[PDB]
Each structure stands twice: as structure tokens, then as C-alpha cells.
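Residue-level structural notes
Each chain, written out:
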Amino acid sequence: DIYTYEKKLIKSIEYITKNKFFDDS
Amino acid sequence: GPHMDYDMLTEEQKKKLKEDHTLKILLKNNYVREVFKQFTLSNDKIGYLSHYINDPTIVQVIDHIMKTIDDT
């Protein structure tokens with residue numbers, strides 16, 4: 001099901017963005 | 001009695017995301033970093049994800065993230 005998969009996915013987005021994985025500056 | 005609480009990203013899953021460098025190659029795409037940054041500022045996270053399940057670039061980076069946190 002999609003709704004159980006999204007809860008792990010969205011907490012990965014919210015971690016990756018907060019730590020700015022793509023930004024070296 | 002006891003119940004599950006596994007709808008939060010763990011310290012081991014955080015470590016496996018930040019130390020995996022193949023993930024960083026996918027996030028370095030300027031089209032991925034803009035959609036990831038707009039996602040957290042949206043008021044309807046589930047409605048936003050439902051626009052990106054249809055995108056062939058965003059599906060491929062999501063699939064690698066979702067593998068990395070399942071591979072604990």
C-alpha cells in the first residue's frame with residue numbers, strides 16, 4: 001500500500017532537506 | 001499492551017542516508033533539489049507526493065532513498 005510507504009519517504013525528504021545534502025557551501 | 005511507532009526516521013536510517021554517496025549523485029540534480037525543497041513547505045505532503053509518483057526523474061531518486069532506509 002502507498003500510505004505506509006509514504007510515511008518513511010516523507011521523513012527522509014524532511015531529513016535530507018534539513019541537512020542540505022546537495023549544497024557544499 | 002505494546003504497539004509499533006516506526007513512522008519516524010531512525011538514527012541508523014539517518015546515518016545510512018548521509019554516509020551513502022551514490023544518493024548524493026541523484027540529489028545533485030537541480031530538478032531533484034528544487035522539488036525536495038518545495039515539498040517540505042507544502043501544506044499537503046500526500047497531495048505533493050501524488051504529483052511525483054508520475055515523474056521518471058523523481059521516482060528514481062525516491063526508489064534509491066527508499067532502498068537505503070529499508071537496507072538497515
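- This deposited entry lists solution NMR as its structure determination method.

Quick look at the interface of chain A and chain B
- Counting residues at the interface gives 19 residues for chain A and 22 residues for chain B.
- Summed over both sides, the interface between chain A and chain B buries roughly 2200 Å², with carbon and sulfur atoms accounting for 74% of that surface.
- Area buried by chain A at its contact with chain B is led by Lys8, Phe21 and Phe22 of chain A, which between them contribute 30% of it.
- One salt bridge in this structure joins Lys7 of chain A and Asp7 of chain B, with 2.8 Å as the shortest N-O distance.
- Where chain A meets chain B, there are five residue pairs in polar contact.
- Partitioning the side of chain A that touches chain B into residue classes produces ten nonpolar, three polar and six charged.

Comments concerning empty space enclosed by the protein
Residue and element names in this part refer to chain B.
- This model, assessed by the stated rule, comprises one cavity of 30 Å³ or more.
- In this structure, the largest cavity spans a volume of roughly 40 Å³.
- Mapped onto the lining of the largest cavity, the elements with two or more residues apiece are α3 (30–41), α4 (45–52) and α5 (56–70).
- Grouping the constituent residues of the lining of the largest cavity by class yields eight nonpolar, no polar and no charged.

Calculation rules
- Residues numbered from 1 in each chain as written, not as in the entry; some residues may be left out.
- Chains lettered and ligands numbered in written order.
- Heavy atoms only, no water.
- Contact = heavy atoms within 4.5 Å.
- Buried area = accessible area lost by both parts, 1.4 Å probe.
- Salt bridge = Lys/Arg side-chain N within 4 Å of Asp/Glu carboxyl O.
- Polar contact = N/O pair within 3.5 Å; in protein donor to acceptor, adjacent residues only side chain to side chain.
- Nonpolar A, V, L, I, M, F, W, Y, C, P; charged D, E, K, R; others polar.
- 1 Å grid on protein atoms, 1.4 Å probe; cavity = no way out; pocket = protein on both sides within 12 Å on 5 of 7 lines; lining within 4 Å.
- Points joined across faces, edges and corners; volume = space filled by probe spheres on them.
- Helix = DSSP H or I, 4+ residues; strand = E, 2+ residues; numbered from the N terminus.

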